[PDB]
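**Student:**
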Amino acid sequence: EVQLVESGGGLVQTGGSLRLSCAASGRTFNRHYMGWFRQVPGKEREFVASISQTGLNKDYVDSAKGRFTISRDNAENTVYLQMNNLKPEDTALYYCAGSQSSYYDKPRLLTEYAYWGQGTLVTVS
Amino acid sequence: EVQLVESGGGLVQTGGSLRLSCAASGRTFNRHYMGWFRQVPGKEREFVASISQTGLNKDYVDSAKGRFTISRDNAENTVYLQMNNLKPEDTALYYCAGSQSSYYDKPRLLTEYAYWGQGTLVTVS
Amino acid sequence: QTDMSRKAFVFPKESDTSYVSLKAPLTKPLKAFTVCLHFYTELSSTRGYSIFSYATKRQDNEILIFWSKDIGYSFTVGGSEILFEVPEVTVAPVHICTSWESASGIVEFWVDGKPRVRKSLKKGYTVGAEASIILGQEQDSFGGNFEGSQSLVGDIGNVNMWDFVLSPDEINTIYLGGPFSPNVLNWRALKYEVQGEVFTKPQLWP
Amino acid sequence: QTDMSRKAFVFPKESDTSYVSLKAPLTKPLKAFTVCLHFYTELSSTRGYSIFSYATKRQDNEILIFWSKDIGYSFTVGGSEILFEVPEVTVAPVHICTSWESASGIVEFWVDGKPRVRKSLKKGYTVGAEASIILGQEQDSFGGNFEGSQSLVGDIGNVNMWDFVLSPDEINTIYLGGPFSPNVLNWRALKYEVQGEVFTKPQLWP
Amino acid sequence: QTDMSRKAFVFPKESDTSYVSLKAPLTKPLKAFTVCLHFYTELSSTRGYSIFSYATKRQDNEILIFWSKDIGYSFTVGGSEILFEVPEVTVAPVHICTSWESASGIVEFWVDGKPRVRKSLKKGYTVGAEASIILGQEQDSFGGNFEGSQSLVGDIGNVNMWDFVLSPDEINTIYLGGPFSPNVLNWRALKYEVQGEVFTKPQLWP
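Residue numbers (our numbering), protein chains in the order written: chain V, 1 to 125; chain X, 1 to 125; chain R, 1 to 206; chain A, 1 to 206; chain D, 1 to 206.
1. Please classify residue 207 (chain R): does DSSP put it in a helix, a strand, or coil?
2. Would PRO202 (chain A) pass as a contact of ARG6 (chain A) if the rule is Cβ separation under 8 Å?
3. Could you pull out every unbroken beta strand (DSSP E) segment of at least 3 residues lying fully inside the segment 7–66 of chain V, listed in chain order?
4. Looking only at its own chain, which residues have a Cβ that is under 6 Å from the Cβ of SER17 (chain V), when we skip the five neighbours before and after it?
5. When you compare the CB positions of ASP140 (chain R) and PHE33 (chain R), do they come within less than 8 Å of one another, or not?
6. Please identify, using Cβ separations under 7 Å, the residues of the segment 31–63 of chain V that lie next to chain D, in order along the chain.
7. So is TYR95 (chain V) in contact with chain D if we call contact Cβ pairs under 8 Å?
8. Quickly, what does DSSP pair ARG72 (chain V) with across the bridge? List them, please.
9. Could you list which residues in chain R have their beta carbon closer than 8 Å to that of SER104 (chain D), in chain order?
10. Check each candidate in D:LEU43, D:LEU37, D:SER80 and D:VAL91 and name the one with the smallest Cα separation from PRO12 (chain D).
11. Mind checking whether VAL10 (chain A) and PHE146 (chain A) have CB atoms under 8 Å apart?
12. Under 8 Å between C-beta atoms, does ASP90 (chain V) make it to chain D?
13. My understanding is that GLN195 (chain A) touches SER74 (chain A), with C-beta atoms under 8 Å, so please give their C-beta distance in whole angstroms.
14. If you draw a straight line from the C-alpha of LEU11 (chain X) to the C-alpha of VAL124 (chain X), how long is it?
15. Give every residue of the same chain whose Cβ lies closer than 7 Å to the Cβ of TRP205 (chain A), excluding the five residues on either side of it in the sequence, and list them in chain order.
16. Taking the alpha carbon of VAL48 (chain X) as the reference point, which residue from X:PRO107, X:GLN118 and X:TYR115 has its own alpha carbon closest?
17. Suppose contacts are defined by Cβ-Cβ distances below 8 Å. Is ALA92 (chain X) in contact with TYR113 (chain X) by that definition?
18. DSSP on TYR49 (chain D), reduced to helix/strand/coil?
19. Less than 8 Å between the beta carbons of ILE65 (chain D) and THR98 (chain D), yes or no?
20. Which residue or residues does DSSP assign as beta-bridge partners of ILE63 (chain R)?
21. So, is the C-beta of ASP73 (chain V) closer than 8 Å to a C-beta in chain D?
22. Assuming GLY136 (chain A) contacts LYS122 (chain A) (C-beta within less than 8 Å), just tell me the rounded distance between them.
23. Reducing DSSP to helix, strand and coil, say where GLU108 (chain R) ends up.
24. Let's see if you can read the secondary structure: which residues bound the beta strand (DSSP E) around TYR175 (chain R)?
25. Taking only beta-carbon positions, decide if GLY136 (chain R) is within less than 8 Å of chain X.
26. Short of 6 Å in beta carbon distance, which residues of its chain neighbour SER102 (chain X), apart from the five on each side in sequence? Order them along the chain.
27. Could you pull the start and end residues of the beta strand (DSSP E) that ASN158 (chain D) belongs to?
28. Using 10 angstroms around the beta-carbon of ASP62 (chain X), count the other beta-carbons present and answer buried if the total reaches 16, otherwise exposed.
29. Using CA atoms only, rank isn't needed, just tell me which of R:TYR49, R:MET4, R:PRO29 and R:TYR54 is closest to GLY148 (chain R).
30. Contact criterion: CB-CB distance below 8 Å. Does residue 128 (chain V) meet it with respect to chain D?
31. Comparing the C-beta of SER141 (chain R) with each C-beta of chain A, is any distance below 8 Å?
32. Run through the DSSP bridge pairs and tell me what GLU101 (chain D) is partnered with.
33. Tell me the DSSP secondary structure of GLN1 (chain D) in three-state form.
34. Taking 8 Å as the cut-off, decide whether the C-beta atoms of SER151 (chain D) and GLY124 (chain D) are in contact.
35. Beta-carbon within less than 7 Å of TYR33 (chain V)'s beta-carbon, same chain only, minus the 5 sequence neighbours each way: which residues are those?
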């Protein structure tokens, strides 16, 4: 039921950092897991990362581990995705998705997710 | 005590579909059963269908069964009547009525019903 | 027959294929009966679900006890329905015994041993014998069409059904666990057919 | 006579013709009385209803025990009324004993063996014995003119009425169920006539 | 081995170095277990705290029982998580027993003897036997990596954990304090090592 918005996009030279943020409108934020997905022109969305309702569990894609970090602040109900060592290829649209008001593990699919944000653009020069 | 309003009427060619909707103003809506009735110039109203408060038991007229579907959404407190394979004779006024603040089965009369909406017009070309 | 005593079925994950099929030796049609059961679940503060589904070939909803969200216990026979409202929902195993008689249309509803006011239903109706009884799914057809939004997640046991109305004393004995003799469905001689993700475990409730 | 012990009447539908007529051997007019009865219904939160109706050819409301919505218990004698407010209500079988004395005009009101403050009502009056007593309806005439909005749905039993004031001890014994000898209306020697949808069933209350 | 009977550990301050490390004799990987313990703390209404941390070299959170603020008890195995809701929190000592079975996937959660609904979790997994168990700190590494916001301030005891699922009767016995024979972790025969500010004191709870 939450409404998702994203910020922190832009263009940066390779090797930079970007602390993208996603805000949620609602009161069940603490009951939904969060996820970041990637999209490119002429292709479909792509899993990036996922984060525990409790926030004690996370899941990173193979390229993202060691380079990217994901966290959440339940009090501020906002999700943060810190990206470092940005490369030219990882320049596309990014979406902050979330669903599943109830409890469960962290999947890596798309059907599960029910709510999506407008998106943001990230570019590496 | 609810106030009933209707929408979704209009004119359509034979074989089309119409998802008529009815909205209720009040908080006891979930305590009233709903019904759809038909009216034609130079005659009285006519039973069409009905929907259970809990939303598990329905009742269709002989002509409506297999062609029409009735449902209710308690959270949004709205009654939906989906008609398909419309015929030229099926062109008249339709009223969404409902009145059993209490608990009972689904009748097919007019005296029991107490509250009526303004109505809508449906036409088949 | 298998003795189910001190054991219960578990439905651990919401789905639309896990269900149990019960078989009734019933031959004559029923003019009356008394259903008693013990169930446990936390879905109350969520969508609705079906506790017991009895369906003949000519009616998917011959008898269906159903929890309606924010409303309470919804009993239906022969296509009619009455609601036994519940103000606030707790979180604990619950025992329920319900009776209906065709002569007078009187329905009795005992929740955790405390009776609800008697009301009327379908005076003169009759219930067919040949039917399908299912646990964990509301069937809108004779043996299928199970909807996902209506399946039960949780536990159920002590399911028992008679062919006549017990007196209040007998109901009190049942709620206290005393000896008794079911005649249309015996938990101690039960015969069933499990389907999907359903398991057998010791009962949680006392 | 018929012994109604362990049995009660059932009024399953809100309707205007269902009612039971009571008869009394009383001949001398009453200077005092006490009435005790158990009743159980769920209409409390929805509308008002009449528990006991005593009327004479000159007064349709000689003695009326009536539940008024959002008020409580309304006791009426000889065309005068008093209210015994109830702040909040709960769904449970309820036993009530009510006494009135002509000499002093004092009235006692016991609900669930808890006494309400004594008050005054119509000192010096006389109650005529010739009268019609009715259950399930409020009667605005000696043989008719009932109102559906006022009829009661549910159960009523243990109806007993004396011709003098019991002491608190005796009322306590009545509440717990001891032996007693009613002089005017006897549950154990009751005469009555039934009309419409009304039935006899085992009692729910303990 | 030492007998901690009638004794508990004390963590009297919020810090990121005070912790205890337990040594299990395990050699075969676990397909199932039960864990029971008694803990008392007041962090419940302010912030989160780790109760029991079990980790393997390849996973910092193979088993973690954690209290999430505003949520309740969060149980995680193999990194998959599931939460048990707790609306209001009392200030008092609490006993908890939790069971998980690999063959079938059901988790049973007993708090103060009252059982939560059964749920499915991570069917088909196997737990490694090589592992480090720590108390008072959450583990993000196999030999360090603790956090101050997650360290628990308070008292814990009765730490007991089998290699198979106890029946409801056995758990009831546990809540009574009767004799029982733990197999993998024994309070009565425990081995441990303490680091930082931690102490041994008589237990507060009964």
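Heads up, the beta-carbon is just placed ideally off N, CA and C, and yes, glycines get one too.
**Tutor:** According to the data block:
1. Only positions 1 to 206 of chain R appear in this structure, which leaves residue 207 (chain R) out of reach.
2. On the fourth sequence, position 202 is the one that residue 202 (chain A) refers to. On the fourth sequence, position 6 is the one that residue 6 (chain A) refers to. Taking 8 Å as the Cβ cut-off, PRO202 (chain A) and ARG6 (chain A) qualify as a contacting pair.
3. 10–12, 17–25, 33–39, 46–51 and 58–60
4. Working through the first sequence from its first residue, we reach residue 17 (chain V) at position 17. Correct list, in chain order: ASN84.
5. Stepping through the third sequence from its first residue, residue 140 (chain R) is reached at position 140. Stepping through the third sequence from its first residue, residue 33 (chain R) is reached at position 33. No, Cβ-Cβ distance for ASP140 (chain R) and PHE33 (chain R) is not below 8 Å.
6. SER52, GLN53, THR54, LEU56 and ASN57
7. The residue labelled residue 95 (chain V) in the question sits at position 95 within the first sequence. Closer than 8 Å: no.
8. In the first sequence, the residue the question calls residue 72 (chain V) occupies position 72. Paired residue(s): V:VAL79.
9. The sequence position of residue 104 (chain D) within the fifth sequence is 104, counting from 1. Correct list: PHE199.
10. Stepping through the fifth sequence from its first residue, residue 12 (chain D) is reached at position 12. Residue D:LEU43 is the option with its Cα nearest to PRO12 (chain D).
11. Start at 1 with the first residue of the fourth sequence, and residue 10 (chain A) comes out as number 10. Start at 1 with the first residue of the fourth sequence, and residue 146 (chain A) comes out as number 146. Contact flag unset, no.
12. Counting from one through the first sequence, the residue named residue 90 (chain V) turns up at place 90. So, not an interface residue.
13. As a first step, residue 195 (chain A) must be located in the fourth sequence, where it is residue number 195. As a first step, residue 74 (chain A) must be located in the fourth sequence, where it is residue number 74. That pair is no contact at about 26 Å.
14. Counted from its first residue, the second sequence places residue 11 (chain X) at position 11. Counted from its first residue, the second sequence places residue 124 (chain X) at position 124. So the alpha carbons of these two residues sit roughly 6 Å apart.
15. Translated into the one-based positions of the fourth sequence, residue 205 (chain A) becomes position 205. Cβ within range, chain order: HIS38, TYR40 and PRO93.
16. Locating residue 48 (chain X) in the second sequence gives position 48, where the first residue counts as 1. Residue X:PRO107 is the option with its Cα nearest to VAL48 (chain X).
17. For the purposes of this step, residue 92 (chain X) is taken as the residue at position 92 of the second sequence. For the purposes of this step, residue 113 (chain X) is taken as the residue at position 113 of the second sequence. No, Cβ-Cβ distance for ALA92 (chain X) and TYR113 (chain X) is not below 8 Å.
18. Looking up residue 49 (chain D) in the fifth sequence gives position 49. Note: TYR49 (chain D) maps to strand in three-state DSSP.
19. If you number the fifth sequence from 1, residue 65 (chain D) lands on position 65. If you number the fifth sequence from 1, residue 98 (chain D) lands on position 98. Yes, the Cβ-Cβ distance between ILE65 (chain D) and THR98 (chain D) is below 8 Å.
20. Counted from its first residue, the third sequence places residue 63 (chain R) at position 63. DSSP output for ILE63 (chain R) lists R:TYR54 and R:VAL77 as bridge partner(s).
21. Start at 1 with the first residue of the first sequence, and residue 73 (chain V) comes out as number 73. With 8 Å as the cut-off, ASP73 (chain V) does not count as an interface residue toward chain D.
22. Taking the first residue of the fourth sequence as 1, we reach residue 136 (chain A) at position 136. Taking the first residue of the fourth sequence as 1, we reach residue 122 (chain A) at position 122. Contact doesn't hold; Cβ gap of about 26 Å is too wide.
23. Position 108 of the third sequence holds residue 108 (chain R). Three-state result, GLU108 (chain R): strand.
24. Translated into the one-based positions of the third sequence, residue 175 (chain R) becomes position 175. It is not in any beta strand (DSSP E) - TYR175 (chain R) instead sits in the alpha helix (DSSP H) that spans 168–175.
25. Against the third sequence, residue 136 (chain R) aligns to sequence position 136. It does not; no Cβ of chain X falls within 8 Å.
26. For this step, residue 102 (chain X) is matched to residue 102 along the second sequence. Once the five neighbours on either side are set aside, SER102 (chain X) has no close Cβ partner at all.
27. As a first step, residue 158 (chain D) is located in the fifth sequence; it is residue number 158 there, counting from the start. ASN158 (chain D) -> beta strand (DSSP E) spans 154–161.
28. The count along the second sequence starts at 1 and reaches residue 62 (chain X) at position 62. Counting Cβ neighbours within 10 Å, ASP62 (chain X) comes out exposed, since fewer than 16 surround it.
29. Here the question's residue 148 (chain R) lines up with position 148 in the third sequence. Of the candidates R:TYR49, R:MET4, R:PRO29 and R:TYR54, the one whose C-alpha sits nearest the C-alpha of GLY148 (chain R) is R:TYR49.
30. Since the first residue shown for chain V is 1 and the last is 125, residue 128 (chain V) is missing from the structure and cannot be characterised.
31. Counted from its first residue, the third sequence places residue 141 (chain R) at position 141. So no, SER141 (chain R) is outside the interface.
32. As a working note, residue 101 (chain D) is residue 101 in the fifth sequence. Bridge partners of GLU101 (chain D): D:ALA32.
33. Taking the first residue of the fifth sequence as 1, we reach residue 1 (chain D) at position 1. The answer is coil: DSSP assigns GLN1 (chain D) none of H, G, I, E or B.
34. What you label residue 151 (chain D) is simply residue 151 of the fifth sequence in a count that begins at 1. What you label residue 124 (chain D) is simply residue 124 of the fifth sequence in a count that begins at 1. It is not a contact, given that the beta carbons lie outside the stated cut-off.
35. Numbered from 1 along the first sequence, position 33 holds the residue referred to as residue 33 (chain V). Around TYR33 (chain V): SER50, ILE51, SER52, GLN53, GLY98, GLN100 and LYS106.
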